[PDB]
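Every chain is numbered from 1 and lettered A, B, ... according to where its sequence line falls, protein lines coming before strand lines. Numbering of ligands and ligand atoms starts at 1, following listing order. All values below were derived from every heavy atom in this structure, side-chain atoms included, with hydrogens, water molecules and symmetry-related copies excluded.
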Amino acid sequence: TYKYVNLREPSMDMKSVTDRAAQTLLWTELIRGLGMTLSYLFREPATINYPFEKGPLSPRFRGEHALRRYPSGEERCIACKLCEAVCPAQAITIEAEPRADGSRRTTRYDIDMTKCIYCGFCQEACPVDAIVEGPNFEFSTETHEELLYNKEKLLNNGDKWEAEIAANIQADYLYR
Amino acid sequence: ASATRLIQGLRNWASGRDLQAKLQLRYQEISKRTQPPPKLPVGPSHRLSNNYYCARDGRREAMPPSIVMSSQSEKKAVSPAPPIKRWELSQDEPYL
Amino acid sequence: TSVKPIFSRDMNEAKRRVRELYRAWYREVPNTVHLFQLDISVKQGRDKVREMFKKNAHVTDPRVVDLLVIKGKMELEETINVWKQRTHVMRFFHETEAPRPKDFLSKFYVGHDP
Amino acid sequence: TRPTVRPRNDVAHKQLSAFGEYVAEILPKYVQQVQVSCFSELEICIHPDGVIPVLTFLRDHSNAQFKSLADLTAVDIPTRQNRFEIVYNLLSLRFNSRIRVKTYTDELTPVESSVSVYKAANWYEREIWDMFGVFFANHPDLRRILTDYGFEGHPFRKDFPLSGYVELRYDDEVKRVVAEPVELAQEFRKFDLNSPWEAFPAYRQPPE
Amino acid sequence: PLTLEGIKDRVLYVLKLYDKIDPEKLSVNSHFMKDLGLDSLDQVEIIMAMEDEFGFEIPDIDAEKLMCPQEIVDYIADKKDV
Amino acid sequence: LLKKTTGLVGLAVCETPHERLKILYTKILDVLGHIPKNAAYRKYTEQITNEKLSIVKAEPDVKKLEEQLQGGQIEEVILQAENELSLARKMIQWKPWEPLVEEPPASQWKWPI
Ligand code: SF4
Ligand code: SF4
């Protein structure tokens, strides 16, 4: 249940001593290393052609956040504040009131994406699949406050990415 | 995979290993990106009877630490456990 | 009320350690102004040392001033050896901070703090 | 209670209880409590004058051989008058066991440094100084190890706030990173999460 | 170290280089604490100025007992031949 | 048989482990006689030292001495005998068989608070 790395006493007969002296004087392991580097010279490189090729992702991927809707246009978030209760960065800020038809909806739904640790606890805490974390990772900004998302940005991300978000949830909801 | 047999033989010679049997680039041998839907199993507490929670309550069988000595014969000297058994050398590959 | 001491048995040994620490800082201040190339004068840094020592001038417990001498030696050791940068040395001189309102009336004007 | 309950290790519980009796009767000058947890961990609670005898005994005794200092830790408990709880996690490689040695101090009483017993302790108790303010007497190089060089206070004390008292920014006027009093654009929202109902009746403290 | 009057004049020269002490009230028997009105740290840096002038390290037990310029010149004499 | 290495780095191979262990065990007992008889450290360490000394005297082999001293290599058994001797010389100075120096405060080891 254990093995000894580097507990080999070398053979001291003239054959092995001449082997090690030929290794010293004729640089045999150095030519071995040159041969291994030369072997990688003639391989096809592992380089993908970004942006025209994309790295492989799964339907579980945790990228940009989005607020979703039912298949009626009604937004799924019913202001229950589980996602900011579980948010380990406290990146989520929610206010709420009954809207004009008496429905429990949010007035504020902020996610500071620069506090956010992208761990998907909000999408697993959400009882109505409202907040999800979409597949978008190509959303670098040029200013810090463009990453301080309010509810309108998250609803636009939901409307923007729903055709993909719904298919990824369709692929992964039986594991959840 | 698309390497010609001359470059493939040169590459196998300079590495010293057969490199086509173990390629580090992935091809059609990997799993399909579209999978059938699973049917996941449930745990052993998914029962309709003999399943009272107080008979499987893990958090409530934790007890406070038993105070052995407190400040409020020819008994054998003890160790914290028996001494650790000496490890046996590997039968698989000892490097001996 | 029988406590284990740190270094000083009573306040006279404690003031001896305060006094030696002050001597060490007073010797060090020209070197600190030179090699950190501070924009202060040596008299100004020495006034800051005297201000930091007069800040703790109310303490009557030997263990507390033993710890004050220990932390002052740690500050000195971080300043002699160049472990602090120029910014850490100039953080004693609150230069970018606005002057706080002192009397009742200006504190009333700006806000709710007492 | 088979599939979901952690199975109790009765053999190790009995062995660690017997070894706790052993340590308590070899060193009754310092040992105050000995307790074995339900998940079979042995704590020795000692008086702080016996940091060097108890740790040197556990390091050098033929039935201990706790040659490895795993971890050294303070815990701040502000309701106790000796608020700092200095925890020694020792590892025996000979007997394949672990022991916890615990002692106490307040802000002003020093604990004797244990670098003469374990050279591992050199940075650990220096971290305890940096984070809690527990001075370790007769330490080789006791100073800060983790906080910034001009840092005031000890951050892992529980009366120290989460964001501290000062914050940094670059200031272009003085060409220098400066320290200014801390102001949050969003305050850390404190959540009172504790349930008003008792969870563990076995841990119920008796009333006054 | 050569003459005692030169040592006392040089002690008074160090004390008149020190800015907080009034040179009018600065005499040989002028007490630092209760006459000149000095903090203890003022006396500590006075002793350090004396060490800078006369080139020998005055310890702590015998610098606390230096409360007038005459005590300073008596201590500098007693640590020398003169 | 001349063990070539102990495997532990810095642990030199002892040429005569039996005589070294006999000297160390009798020296532990000589030092340990200076402790009072009611001290449990004296009784426990005399007990395990007499057991180890009986095992050392009763086995001429070194490998079987390793398997029944049950303490790893024989050179680290020698090292632990040295550590026990140094510990006993420190325990004479500490006198830890004395009564408890101080009771703790009343809720010092009470968890949770
Ligand atoms: S992914 Fe995590 S850190 Fe980000 S908003 Fe959701 S819960 Fe908060
Ligand atoms: S957990 Fe879901 S429904 Fe609840 S407040 Fe958050 S996004 Fe809205």
Discussion item. Suppose we measure from atom 4 (Fe) of ligand 1 to each protein heavy atom; which comes out shortest, and what is that distance?
Written reply: A/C116 SG, 2.3 Å
Worksheet, complete the sentence: Within 4.0 Å of some non-hydrogen atom of A/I78, the atoms of ligand 2 are 3 (S)
Item to complete: Mark up the atoms of ligand 1 that fall under 4.0 Å of a heavy atom belonging to A/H65, in ascending order.
Response: 1 (S), 4 (Fe), 5 (S), 6 (Fe)
Worksheet item: Contact between A/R62 and ligand 1, counting heavy atoms under 4.0 Å?
Response: no
Discussion item. If only side-chain N and O atoms count, and only distance matters, is there a donor-acceptor pair under 3.5 Å linking D/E173 with C/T96?
Written reply: no
Item to complete: Please list, in chain and residue-number order, the protein N/O/S atoms closer than 2.8 Å to atom 6 (Fe) of ligand 2.
Response: A/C83 SG
Worksheet item: Do A/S103 and A/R105 have a side chain donor and acceptor closer than 3.5 Å?
Response: yes
Worksheet item: Does C/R91 pair with C/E75 as a salt bridge, N-O distance under 4.0 Å?
Response: no
Item to complete: Among D/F160, D/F132, D/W129, find the residue that satisfies the ring-ring contact (aromatic ring centres under 6.0 Å, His included) test when tested with D/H154.
Response: D/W129
Worksheet entry | Pair D/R176 + C/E95: basic N to acidic O under 4.0 Å | yes
Worksheet item: Quick one: is the NZ or CZ of A/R176 closer than 6.0 Å to the six-membered ring centre of A/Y173, and within 45° of its axis?
Response: no
Item to complete: Under 4.0 Å from a heavy atom of A/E133: give me the atoms of ligand 1 that qualify, with their elements.
Response: 1 (S)
Worksheet item: Tell me: protein heavy atom nearest atom 3 (S) of ligand 1, and distance?
Response: A/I117 N, 3.1 Å
Worksheet item: Should the heavy atoms of other residues, nucleotides or ligands under 6.0 Å from CG of B/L25 be counted, would the total exceed 12?
Response: yes
Worksheet entry | Option whose closest heavy atom lies nearest to atom 8 (Fe) of ligand 1, chosen from A/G63, A/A85, A/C87, A/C119 | A/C87
Worksheet, complete the sentence: Heavy-atom nearest pair, D/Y118 first then D/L55, reads OH-O, 4.0 Å
Item to complete: Test side chain to side chain contact (heavy atoms under 4.5 Å, CB included) on A/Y109 and A/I92 and set out the steps.
Response: CA-CA 7 Å; A/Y109 195 95; A/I92 304 173; 4.1 Å; yes
Worksheet item: With atoms numbered from 1 as shown, which atoms in ligand 2 lie under 4.0 angstrom from a non-hydrogen atom of A/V128?
Response: 3 (S)
Discussion item. Does the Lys NZ or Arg CZ of D/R144 fall within the cation-pi geometry relative to C/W83 - under 6.0 Å from the ring centre and within 45° of the axis?
Written reply: no
Worksheet item: Against heavy atoms of A/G120, which atoms of ligand 1 measure under 4.0 Å?
Response: 1 (S), 2 (Fe)
Worksheet item: Which atoms of ligand 1 sit under 4.0 Å from any heavy atom of A/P88?
Response: 2 (Fe), 7 (S)
Practice prompt. Would you name the heavy atoms of D/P155 and D/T147 that are closest together and state the gap between them?
Written response: CG-CG2, 3.7 Å
